[PDB]
Peer 1: 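Before anything else, here's the structure in question.
Below, all heavy atoms of this structure are taken into account, side chains as well, without hydrogens, waters or symmetry copies. The sequence lines fix the lettering, A, B, ..., with proteins before strands; numbering per chain opens at 1. When a ligand or atom number is given, it counts from 1 through the structure's own listing order.
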Amino acid sequence: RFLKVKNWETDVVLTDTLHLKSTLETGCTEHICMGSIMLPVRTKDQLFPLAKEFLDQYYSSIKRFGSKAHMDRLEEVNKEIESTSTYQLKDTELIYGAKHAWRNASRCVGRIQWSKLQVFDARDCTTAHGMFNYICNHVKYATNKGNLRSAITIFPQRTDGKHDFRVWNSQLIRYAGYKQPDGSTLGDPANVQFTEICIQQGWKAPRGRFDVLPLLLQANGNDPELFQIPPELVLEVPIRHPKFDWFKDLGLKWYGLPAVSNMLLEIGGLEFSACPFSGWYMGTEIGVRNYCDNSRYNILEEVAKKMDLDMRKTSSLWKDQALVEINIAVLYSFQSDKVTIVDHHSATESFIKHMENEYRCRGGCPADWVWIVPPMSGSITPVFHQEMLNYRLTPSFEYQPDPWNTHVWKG
Amino acid sequence: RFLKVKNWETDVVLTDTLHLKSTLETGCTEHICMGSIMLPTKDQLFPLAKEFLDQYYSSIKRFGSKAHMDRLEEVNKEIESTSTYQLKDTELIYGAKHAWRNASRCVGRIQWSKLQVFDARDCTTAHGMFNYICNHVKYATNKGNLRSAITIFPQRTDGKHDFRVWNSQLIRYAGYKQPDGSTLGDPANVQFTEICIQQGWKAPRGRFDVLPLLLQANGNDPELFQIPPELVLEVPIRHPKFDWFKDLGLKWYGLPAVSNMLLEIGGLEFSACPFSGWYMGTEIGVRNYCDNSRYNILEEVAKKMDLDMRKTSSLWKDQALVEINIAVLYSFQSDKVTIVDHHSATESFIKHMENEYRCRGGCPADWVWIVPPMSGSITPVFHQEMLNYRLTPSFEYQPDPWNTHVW
Ligand code: HEM
Ligand code: HEM
Ligand SMILES: Cc1cc(N)nc(CCc2cncc(CCc3cc(C)cc(N)n3)c2)c1
Ligand SMILES: Cc1cc(N)nc(CCc2cncc(CCc3cc(C)cc(N)n3)c2)c1
Ligand SMILES: Cc1cc(N)nc(CCc2cncc(CCc3cc(C)cc(N)n3)c2)c1
Ligand SMILES: Cc1cc(N)nc(CCc2cncc(CCc3cc(C)cc(N)n3)c2)c1
Ligand SMILES: OC[C@@H](O)[C@@H](O)[C@H](O)[C@H](O)CO
Ligand SMILES: OC[C@@H](O)[C@@H](O)[C@H](O)[C@H](O)CO
Ligand SMILES: [Cl-]
Ligand SMILES: [Cl-]
Ligand SMILES: [Zn+2]
Ligand SMILES: [Zn+2]
Ligand SMILES: [Zn+2]
């Protein structure tokens with residue numbers, strides 16, 4: 001089967017054959033599209049096919065499909081599974097796997113960069129202190145004094161599901177949120193629940209607007225343990241505006257390193273429940289989502305008030321005006337401080353080039369339009385008019401529930 | 001069976017049961033989501049008729065009544081004998097309102113029950129079509145206080161006698177390929193303009209020439225008519241702060257009137273069913289003005305604003321976009337022509353969606369179209385999960401008639 005996508009600005013048509021390798025399910029059926037739904041121990045039996053599918057893909061990528069090395073690796077893994085009920089990836093397969101999970105991440109507009117990912121193998125890690133050390137090293141390597149480098153750190157895989165490695169933080173670096181008795185929130189409302197857990201685990205909260213959360217790290221299914229990232233490793237950018245000198249007095253800053261720490265990496269049927277990965281920001285993530293979402297820092301009113309916009313009616317587009325100025329400020333600040341950031345015009349133009357290249361060289365590029373289109377100025381970016389096909393390829397990154405919901409407490 | 005949708009800003013959760021009554025296919029499968037693809041006999045007709053008449057009688061609280069059974073009987077008899085049937089006026093009005101109610105891509109559905117339905121099933125000629133359309137246009141326009149309306153021409157019979165409006169909207173601007181290489185006017189309408197000229201239209205060859213109607217009655221070859229200039233309300237575009245803005249010479253028409261879609265009710269197909277509402281500001285200022293394949297004015301505006309156009313990261317495009325959209329809204333408001341901004345429209349849709357969930361058990365919605373083309377996440381629809389599915393009565397896309405018509 002060939003599936004066509006059209007771009008409605010350019011009339012360019014592409015043909016997808018890669019979807020034929022799709023395996024997992026979308027949530028959609030012939031009767032219902034779930035395209036805007038955010039969330040729409042294995043057996044030896046199911047595992048060897050998953051292993052084999054992966055190793056066939058790996059060995060094809062290196063032009064060794066069907067080689068003795070390929071056949072021998074299949075035999076080796078087969079016997080490891082039947083004898084130990086799981087298997088270990090070779091380092092090269094781990095690197096390939098992690099790179100492909102990113103390449104396959106359909107919500108990620110930054111995938112042009114997928115082949116340039118530093119993979120840190122932390123499968124020898126045994127303790128939460130060990131995890132803390134690996135995470136500091138990742139942070140320092142990825143930050144690179146503002147010249148950001150993409151990285152992933154991979155902790156030991158799931159065994160029986162009772163010995164999971166987990167990072168309880170949603171991101172390595174994130175700000176605390178504190179619900180006040182009057183119902184207001186100090187800091188970042190997205191992180192209230194996790195902040196409460198940290199405090200219950202013994203963190204002494206500074207109780208300010210931008211407190212970097214401690215790491216809460218679980219090794220080998222044990223109860224998690226608190227660690228503070230050395231402050232000198234957390235690069236932050238104070239936010240100012242190129243023309244509005246009062247913008248700085250809003251007291252805003254953000255951290256430079258976006259590092260997702262709550263997802264599960266599946267490679268060849270193996271599950272890496274702790275696999276923190278990081279890149280660099282697209283400006284709208286800070287300027288649109290983190291600052292202007294109503295359930296986040298929610299700064300639109302204050303900015304608009306300081307700008308003396310007409311706020312009596314929505315039709316003056318005061319919210320749109322303030323939004324643009326905040327996003328200008330974020331890009332200006334990061335650039336002035338020499339911290340890697342990409343604007344949404346650059347990011348989306350690069351994604352479309354990536355996507356076209358993928359169609360030609362790979363036969364497709366699964367993409368989730370809902371997430372790929374930027375949260376402001378959508379239609380003036382080249383992704384808006386691009387038709388996309390969303391399907392799930394493995395290796396992959398997957399959502400997993402927050403660990404406090406599932407963890408069996410030891411005491 | 002029971003499906004939940006969550007709002008990620010407000011944590012509010014809603015349960016959809018209405019999707020169980022969905023019928024047409026989405027284009028998606030369990031393997032591949034096509035959510036972002038724009039276009040993804042006697043035996044068949046009676047189940048469709050029955051399904052519709054059942055919902056109708058249910059809606060007037062007379063389900064299973066003798067008048068219900070008698071009507072099903074009557075329609076059955078009519079299909080067996082004529083191979084089609086005629087809707088009662090009451091059923092026609094209901095079906096048209098519900099086709100709007102069911103339009104998953106429409107953000108303006110809070111208005112669905114206030115639709116003026118003009119029954120043009122007695123129309124027989126292209127001239128008759130023109131009269132009906134001028135009357136629709138004048139009624140809907142209403143000196144700028146716009147009123148939603150649909151005009152419904154005779155249903156499809158054997159498919160060789162279709163009524164069609166060849167225009168994509170009742171009011172739209174011509175587009176002309178220039179010897180220059182560029183496009184004068186609206187590039188969206190280049191092909192249709194050519195057909196008009198080929199059919200004999202004398203084109204003024206300007207930037208905003210209102211297209212003539214090309215009307216097809218009874219499967220006959222389509223004929224040209226010019227809408228009375230005085231029935232076409234237009235708005236010159238100015239900005240409340242930028243004096244130079246008016247000198248771009250921009251204008252738009254007040255009446256958005258889709259004329260190329262097919263209305264399906266109870267299995268019957270109305271291939272000519274122009275309908276109209278009023279604009280959301282971004283439709284003109286973001287889409288019509290700023291799409292690269294449309295009037296594409298971003299560069300000229302940014303230039304007049306003297307923005308740094310050297311690097312994308314100055315966000316000059318975003319700045320010019322906002323200003324263009326401010327001017328569209330200000331111009332329509334100053335001339336007292338109905339228009340809605342995207343903040344107000346999306347807020348009203350969320351309110352409508354909650355109503356529909358509570359009263360109907362759901363509201364099919366296509367997030368890709370419902371989220372405005374600018375400032376998406378600061379509107380209340382962005383964080384709203386939506387379920388997309390197809391209910392009948394419905395409005396369907398149909399191919400442009402020049403691909404299909406035999407002359
Ligand atoms: C290098 C620069 C990168 C940029 C500019 C970038 C940009 C983005 C953006 C804007 C999103 C969606 C956020 C939203 O719409 O709310 C996203 C999501 C995502 N990215 Fe990338 N990203 C980058 C690197 C990476 C890396 C290194 C990985 C993994 C190795 C990755 C994997 C993902 C995944 C799995 C998602 C979905 C996240 C989720 O479901 O929560 N990205 N990225
Ligand atoms: C009264 C105010 C109305 C508003 C503000 C409104 C708004 C809109 C908008 C913004 C779109 C999509 C435009 C885009 O995102 O590019 C749309 C699409 C649509 N609307 Fe509404 N509309 C209104 C009236 C109506 C009426 C009266 C009907 C039918 C009686 C209707 C049926 C539809 C349909 C079928 C679509 C999808 C059209 C297509 O597929 O091309 N709308 N509307
Ligand atoms: C319920 C739920 C499901 C899901 N799949 N993801 C989320 C979190 C979405 C999310 C929120 N803030 C931030 C991110 C990070 C996106 C991101 C990741 C990377 C690696 C780089 C970059 N520039 N940006 C992701 C929530
Ligand atoms: C667990 C959880 C709870 C909660 N209340 N909110 C969240 C974050 C939801 C959220 C809000 N804004 C942004 C995102 C990023 C994901 C995202 C979602 C959509 C719909 C579009 C798009 N471009 N990106 C996610 C997560
Ligand atoms: C290939 C294709 C498929 C499809 N279903 N629609 C289209 C046209 C989409 C389209 C473009 N401009 C304008 C409209 C009309 C939208 C519209 C309709 C009404 C009635 C009111 C209002 N405010 N806005 C629709 C193209
Ligand atoms: C027949 C036809 C050909 C062509 N090349 N373009 C078109 C118009 C395509 C088009 C471009 N921008 C906007 C729209 C409106 C429909 C629309 C599409 C999407 C993806 C989001 C959204 N909010 N609204 C339609 C139609
Ligand atoms: O405060 C807890 C939240 O940060 C957490 O539930 C996240 O939203 C979740 O991990 C999704 O990223
Ligand atoms: O030139 C004709 C086009 O406007 C026409 O093909 C439309 O794009 C089509 O009717 C869909 O709106
Ligand atoms: Cl957002
Ligand atoms: Cl658009
Ligand atoms: Zn958001
Ligand atoms: Zn789908
Ligand atoms: Zn567009």
Peer 1: I need the full list of side chain to side chain donor-acceptor pair (under 3.5 Å) pairs touching residues 370-380 of chain A, with sequence neighbours left out, sorted by first then second residue.
Peer 2: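 For residues 370-380 of chain A, and leaving out neighbouring residues, the side chain to side chain donor-acceptor pair (under 3.5 Å) pairs sorted by first residue read A/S377-B/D318.
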Peer 1: List ligand 3 atoms under 4.0 Å from A/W371, heavy atoms only on the residue side.
Peer 2: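 That gives atoms 6 (N), 9 (C) of ligand 3.
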Peer 1: B/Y389: which residues meet the ring-ring contact (aromatic ring centres under 6.0 Å, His included) condition with it, sequence neighbours left out?
Peer 2: none
Peer 1: What do you reckon, does B/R287 have a nitrogen or oxygen under 3.5 Å from a nitrogen or oxygen of ligand 2?
Peer 2: yes
Peer 1: Quick one: look up the protein heavy atom nearest atom 24 (N) of ligand 3 and list residue, atom name and how far away it is.
Peer 2: A/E285 OE1, 2.6 Å
Peer 1: Pairs of nitrogen or oxygen atoms closer than 3.5 Å, one from A/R174 and one from ligand 3: do any exist?
Peer 2: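 In this structure, A/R174 places no N or O atom under 3.5 Å from an N or O of ligand 3.
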Peer 1: Nearest non-hydrogen atom to atom 37 (C) of ligand 2 belongs to which of B/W369, B/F275, B/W112, B/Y279?
Peer 2: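 Among B/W369, B/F275, B/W112, B/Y279, the closest heavy atom to atom 37 (C) of ligand 2 comes from B/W369.
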Peer 1: For atom 21 (Fe) of ligand 2, which protein N/O/S atoms fall under 2.8 Å? Skip waters.
Peer 2: B/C106 SG
Peer 1: When you compare the side chain of B/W252 with that of B/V328, does any pair of heavy atoms fall below 4.5 Å?
Peer 2: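 They are not in contact (no side-chain heavy atoms under 4.5 Å apart), so the answer is no.
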Peer 1: Is the closest heavy atom of B/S276 to ligand 2 under 4.0 Å?
Peer 2: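 Within the 4.0 Å threshold, so yes.
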Peer 1: Taking the minimum heavy-atom distance to atom 2 (C) of ligand 2, which of B/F349, B/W278, B/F395 ranks first?
Peer 2: B/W278
Peer 1: So, 4.0 Å and heavy atoms of A/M263: is ligand 3 close enough to count as a contact?
Peer 2: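 Checking ligand 3 against A/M263, which is what was asked, there is no heavy-atom contact under 4.0 Å.
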Peer 1: Could you list, one pair per line, each nitrogen or oxygen of ligand 8 together with any protein nitrogen or oxygen closer than 3.5 Å, giving atom names and the distance rounded to 0.1 Å?
Peer 2:
residue, atom, partner, partner atom, Å
ligand 8, 1 (O), B/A188, O, 3.2
ligand 8, 1 (O), B/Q191, N, 3.4
ligand 8, 1 (O), B/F192, N, 2.9
ligand 8, 4 (O), B/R172, NH1, 3.4
ligand 8, 4 (O), B/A188, O, 2.8
ligand 8, 4 (O), B/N189, OD1, 3.0
ligand 8, 6 (O), B/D400, OD2, 2.5
ligand 8, 10 (O), B/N260, OD1, 2.9
ligand 8, 10 (O), B/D400, OD1, 2.7
ligand 8, 12 (O), B/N260, OD1, 3.2

Peer 1: Can you tell me if B/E9 and A/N294 form a side-chain donor-acceptor pair at under 3.5 Å?
Peer 2: no
Peer 1: Are the aromatic ring centres of B/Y253 and B/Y173 under 6.0 angstrom apart?
Peer 2: yes
Peer 1: Please verify whether a non-hydrogen atom of B/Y397 lies at under 4.0 Å from ligand 2.
Peer 2: no
Peer 1: At less than 4.0 angstrom from any non-hydrogen atom of A/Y399, what atoms of ligand 3 do you find?
Peer 2: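 In order of number, 3 (C).
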Peer 1: With heavy atoms under 4.0 Å as the rule, classify the contact between A/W102 and ligand 3 as side chain, backbone, both or neither.
Peer 2: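 None of A/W102 does.
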Peer 1: Just go through A/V109, A/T284, A/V260 and tell me whose heavy atom is the nearest to atom 15 (C) of ligand 3.
Peer 2: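 Closest candidate by heavy-atom distance is A/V260.
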